[PDB]
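Next up is one chain by itself, shown in structure tokens, the form deposited in one PDB entry.
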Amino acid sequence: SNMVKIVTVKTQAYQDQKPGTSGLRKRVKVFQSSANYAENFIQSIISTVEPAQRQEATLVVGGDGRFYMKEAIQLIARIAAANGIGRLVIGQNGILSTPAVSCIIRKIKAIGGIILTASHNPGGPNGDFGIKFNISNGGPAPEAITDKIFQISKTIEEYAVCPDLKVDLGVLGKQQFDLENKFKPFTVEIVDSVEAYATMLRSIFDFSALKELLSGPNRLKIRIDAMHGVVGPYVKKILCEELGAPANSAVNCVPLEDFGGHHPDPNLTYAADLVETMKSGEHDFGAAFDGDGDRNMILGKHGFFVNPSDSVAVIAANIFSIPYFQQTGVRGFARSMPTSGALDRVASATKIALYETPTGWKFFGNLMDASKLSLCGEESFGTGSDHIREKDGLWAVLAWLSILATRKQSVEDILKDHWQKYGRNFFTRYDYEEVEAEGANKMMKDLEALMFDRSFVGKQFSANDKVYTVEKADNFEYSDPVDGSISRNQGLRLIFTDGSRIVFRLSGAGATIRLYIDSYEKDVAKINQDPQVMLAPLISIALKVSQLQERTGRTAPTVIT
């Protein structure tokens, strides 16, 4: 049973297996009840690897612990073996965070990896499942490759598999499989889920300083909520065991196949338990992660919310608290276009390039590969650096802890100081979910026509007393300086002379309108007011100029962040 046979299985192609930018995601039920659905897709991935290069290739494999993960990993082993892939490196119990996969790929020079995650989407018998493909730079497979995978998947007629091959995912070390009538063996290395990632962080951060910060009587008190997802053992082994945080610091840090029956998506309501804990006033710092660990929410004492747009700005403004950046220097900053302009204030002051990209990883990855990007952020709870090629939630937490250690102030005092220094970008995102597509499309088309008129620049909007003047209005376009691609229709931007912006996007069962409001204030009498009060005038202007209520019938957003 260490010696196994290779067989060819006739199959019937499916027509909807698009790998997308974040992976193929379907209901678990779909993978289970659709004959050869997973097999087809995994074969299609492996078929993108040239036969001549398969024996010397390694794929990194692991996922976020959700229901069906281990069955999918076994299936990946069976098919990779049969196809002549020489080696898989698999996290113990199948567990690898998305940042750990990126880490390991780059460390061992793997050709890529397959990540079993659907990120922040629910899991369990009635939940979702996802299959994500990363390539040799440790980042998401780009469109040319996902296109090829899709094309193969649509006409596949057979796949190769070792049906009797079974991996013990629970035990560390090398397992070898001899394939019938194949000269070279198939090798699986089970590795500790945390070690490589922790060794990376140990080099990036000053663990001595952090241990001192987190240990003993005068310690910074923290609560870190992995939301029953993949980052749990990382918190326990790094923050608690290595850096000495009391075990109670690790909240929901046992991976559960259904993430405890909840969505592992960090925000004020999905992580309401963490927020309520922080409200007691006993802890200095709180954070929550999404299911696969590339998203993070940051909280201060009393449940003070650091919005993600501000978070990346504060990290930029204190970036040399982190040993990694002392060594590399700061190669550049970037944020997605709908993210608030807080980062740009820091970049301008420190005279570092600011790249404003369309939504999507590929734009950050390109700039990092060009040695032009050290720190990036997205308003959707995303923060990262060029240490790897995925965003990294726990990395962002250790960045914050490093800054707290050097500043010796509370989270809230650091933000107040920041706002006083740079001005404040009040920020919110309104989501209108499942709106009728016809109305939403008409809303966008009509608004863009309005904005394109010659007289629209210079138009004034009263608040009142306060007057907003349109400086620039367009449909965002981006020419990538690395791959030369031009991305068009990336969002309607109303840019005002006082540094403020309104941005409209349609999401990529009914459309989702995303409305981003970025209101800049410099006045001391304004920067510490209530955010929804300070944002109300631009929100009003946004709804009036777009006629959103009139076009969609919505009097209120579905979600406010």
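When you see a residue number, it is the position in the sequence shown, counting from 1. Rigid core: the largest C-alpha set superposing within 1.5 Å between the two forms.
Quick note: we don't show the form deposited in another entry, though the next part is all about it.
- Looking at CA displacements between this form and the one not shown with the core superposed, a shift of 2 Å or more is confined, among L172, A144, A247, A437, to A437.
- After superposition on the rigid core, displacement of the C-alpha of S455 between this form and the one not shown amounts to 2 Å or more.
- Relative to the superposed core, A473 undergoes a Cα shift of 2 Å or more between this form and the one not shown.
- Residue displacement note: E195 has its CA displaced by under 2 Å between this form and the one not shown (rigid core superposed).
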